[PDB]
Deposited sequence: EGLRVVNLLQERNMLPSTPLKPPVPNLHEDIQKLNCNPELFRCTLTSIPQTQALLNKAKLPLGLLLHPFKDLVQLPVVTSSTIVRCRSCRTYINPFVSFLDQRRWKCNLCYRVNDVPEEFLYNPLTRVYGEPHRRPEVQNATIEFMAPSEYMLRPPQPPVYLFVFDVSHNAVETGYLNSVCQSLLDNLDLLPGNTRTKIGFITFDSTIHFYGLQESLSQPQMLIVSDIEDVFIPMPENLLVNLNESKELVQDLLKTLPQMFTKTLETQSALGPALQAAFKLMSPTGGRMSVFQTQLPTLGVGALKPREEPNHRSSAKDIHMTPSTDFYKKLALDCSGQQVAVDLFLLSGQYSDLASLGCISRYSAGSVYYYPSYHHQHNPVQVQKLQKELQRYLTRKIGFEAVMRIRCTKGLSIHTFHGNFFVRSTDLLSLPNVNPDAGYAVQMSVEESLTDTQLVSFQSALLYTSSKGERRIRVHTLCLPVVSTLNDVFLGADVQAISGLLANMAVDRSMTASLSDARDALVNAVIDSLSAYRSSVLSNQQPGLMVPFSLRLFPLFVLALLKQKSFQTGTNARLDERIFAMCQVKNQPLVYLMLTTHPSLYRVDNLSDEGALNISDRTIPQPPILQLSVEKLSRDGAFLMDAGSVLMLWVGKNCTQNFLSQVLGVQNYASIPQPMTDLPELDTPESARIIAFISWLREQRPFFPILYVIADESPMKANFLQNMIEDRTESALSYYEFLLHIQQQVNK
């Protein structure tokens, strides 16, 4: 372990060769063993400052990062006829409560003594598991459990037809039609739109589905009281025929304008009585009707930091969908500026999520074609919850004051989540409202009330316990650098809209300065604690990420989507994208985890993101979470060209090489064994393309070398030099 001090100017090799593990809170052995999984619930400071003055001195943000609906390997379910909650703050009984009278327990959040109901009480599953799911009684639902409703809204303008996205989306719905979450209550519907809005009636009594057109754009309505949202079980054959027909209905269209606004109003009216998931597919700037947006000139590498929505239309509409338990997921497949800064609001405030496919085309862009294919497979098959609400409770004295993520905050900090998807991550920032002089431990509890796809009201609960410290040194010792970077990233996105991108970048740099300057005054080189040895590196990576970079050719919709990913993804994938993992893979061996029965899985050491680590004589795999990029040197060995790639020379490697061939070699075995171990750790299948070469014009591989310099950004060593000039000014 070690509470040592690091001079970053002498190390410069401080990144370990093994994956970073989240810090263990300085807790007793019996308390920590029950603590929540760090993948689900984690804090930036595992040792909570006792006072707000202490927290202000440390110059580090206090906050939580949670992934509450993540897929689990084992989930205990309590079906108790009564759910034991505190009579004052309604905190669910949890492993960190205190049984004194054995028939009375003390709440660990408000300190009130409660009566244990006639229903070894500390052996109960509610006390033995920090993560647990309850069965919500009838008082925990405002209405009968809503059925699963899936409404798909397709843009079919002339530009949308040219992309060809409709073919894969309809084909993906066909392949996954029986895998959609839900029972026999499952409902489905379809809407297409260009300059007018098109509904689709689905009745078995008819030879074919009927297309109903609403052309009154300023005054939309539902043309039929039935057969628009149909039961998938009963209309399976008709839904299939409509999916097989849609890609061919608009081949010779001439509609160039898109009435996205009115189409969403119609879709909202259709889903309003029930709620559910609304999948919008858009390919261009909306220009017709309400919600129309003006064109905007893109920036260039010469542009300074000089973000926000153009209209509040899609924000007002999302809040309408939120009140009706409707979540809007936005699929943007645009080859030109579509003002995602405004369209994205439809997903932020409805607990949806946005998906971006820049310059999608069914022939010219095979990368985005397979990317949409893989993301739709997960999107349509992953579990789902409906009409959900989440509450975050913390021990008296601590107060959540800022929320981050896709939802709507109601009164008394009630998080409205029309849908809850298992790939969403949320962030919270809190402060010490009252000095924690009384207690030495504090707890945090998130409760996720939702309706399962089977029609059962469930409550998933996580509880995290942390100790309270009273010195500056103990706050620094328990700092979670990745969690701090994740919270800072979410805070900078808000600063980007509230102020500007310039102020967001300054606040990120000043975060490292003030934090380390506070540490220096509390102890020649750049001295940092061991828990923050990677702090300037990760913050530098934020400043070179697509969200906050400056001297790049990043376009408007590009940057907005990166910020959407910061606000919506869990911590683990923010880090994988921001600071990718680099391994040399032209010489994999058997020091790995050859424990998984019949597979070796090599474990190459993690390299730092510098070209100085590369070599024109070998090949290197980069893991950026969403994609695996395999850079092969111009002077690579002949053993790697044929036994792994299947090629006889560097000059015959296919330019778009969409993946690796499973050749009959032990070379193409270890690498396919190590890749398979990486892509089995995540739900969104990361496409691997070896397209990365010395000259594919797709070697953005070098962009992820965040330690090196460029004509517009500092190098890592220069960054430390810049930091040092300030810490001891």
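Query raised in the report: Going from the first residue of the deposited sequence to the last, where are the unmodelled runs?
Result: Unmodelled stretches, in sequence order: 120-130, 318-320, 538-542.
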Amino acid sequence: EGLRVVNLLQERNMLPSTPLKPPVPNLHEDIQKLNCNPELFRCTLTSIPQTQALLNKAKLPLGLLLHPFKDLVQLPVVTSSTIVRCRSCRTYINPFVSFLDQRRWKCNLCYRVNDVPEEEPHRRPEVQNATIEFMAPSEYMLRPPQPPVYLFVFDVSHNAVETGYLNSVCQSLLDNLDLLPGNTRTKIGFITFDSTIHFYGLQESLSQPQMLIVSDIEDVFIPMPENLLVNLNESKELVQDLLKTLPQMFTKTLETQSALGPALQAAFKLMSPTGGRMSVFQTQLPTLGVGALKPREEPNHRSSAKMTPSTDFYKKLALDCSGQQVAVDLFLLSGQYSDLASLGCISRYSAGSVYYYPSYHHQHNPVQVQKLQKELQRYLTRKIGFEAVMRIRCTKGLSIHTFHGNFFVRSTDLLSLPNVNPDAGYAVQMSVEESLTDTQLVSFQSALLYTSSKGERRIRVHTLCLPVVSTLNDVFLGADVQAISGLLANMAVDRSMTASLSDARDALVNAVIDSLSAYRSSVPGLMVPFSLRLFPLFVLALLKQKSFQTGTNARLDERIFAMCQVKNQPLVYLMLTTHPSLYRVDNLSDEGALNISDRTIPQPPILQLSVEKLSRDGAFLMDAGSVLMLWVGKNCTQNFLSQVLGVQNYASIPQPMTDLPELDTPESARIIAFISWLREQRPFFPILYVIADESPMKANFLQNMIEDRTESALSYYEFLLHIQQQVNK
From here on, numbers count along this sequence of modelled residues.
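For clarity, a rigid core is taken as the largest C-alpha set superposing within 1.5 Å between two forms.
Query - Divergent stretch in 4 other deposited structures of this protein, 691-699 or 49-57 [C-alpha RMS, superposed by the core] - result: Between the two stretches, 691-699 moves farther in 4 other deposited structures of this protein.
Query - Of 630-638 and 280-288, the stretch whose C-alpha atoms average the higher B-factor in the entry - result: The deposited B-factors put 630-638 ahead on the C-alpha mean.
Report task. Select between 370-378 and 344-352 the stretch whose C-alpha atoms have the higher average B-factor in the entry. Result -> According to the PDB entry, the answer is 370-378.
Query raised in the report: Between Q203, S431, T196, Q608, which carries the biggest CA temperature factor in the record?
Result: Each of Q203, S431, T196, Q608 was compared by C-alpha B-factor; the highest is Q203.
Query raised in the report: Whose CA atom has the top B-factor in the entry, of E297, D329, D115, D219?
Result: So the option with the highest C-alpha B-factor is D115.
Query raised in the report: Which third, lowest, middle or highest, does the CA B-factor of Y583 fall in along this chain?
Result: Its C-alpha B-factor, which the entry lists for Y583, ranks in the highest third among residues of this chain.
Query - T46 by Cα B-factor - lowest, middle or highest third of the modelled chain - result: For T46, the deposited C-alpha B-factor lands in the lowest third.
Query raised in the report: Within this chain, which third does the Cα B-factor at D312 fall in: lowest, middle or highest?
Result: For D312, the deposited C-alpha B-factor lands in the lowest third.
Report task. Just say lowest, middle or highest third for the CA B-factor of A651 relative to the other modelled residues in its chain. Result -> Ranked within chain, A651 CA B lands in the highest tercile.
Query raised in the report: Of the three thirds of its chain by CA temperature factor, lowest, middle or highest, which one includes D339?
Result: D339: CA B-factor falls in the lowest third of its chain.
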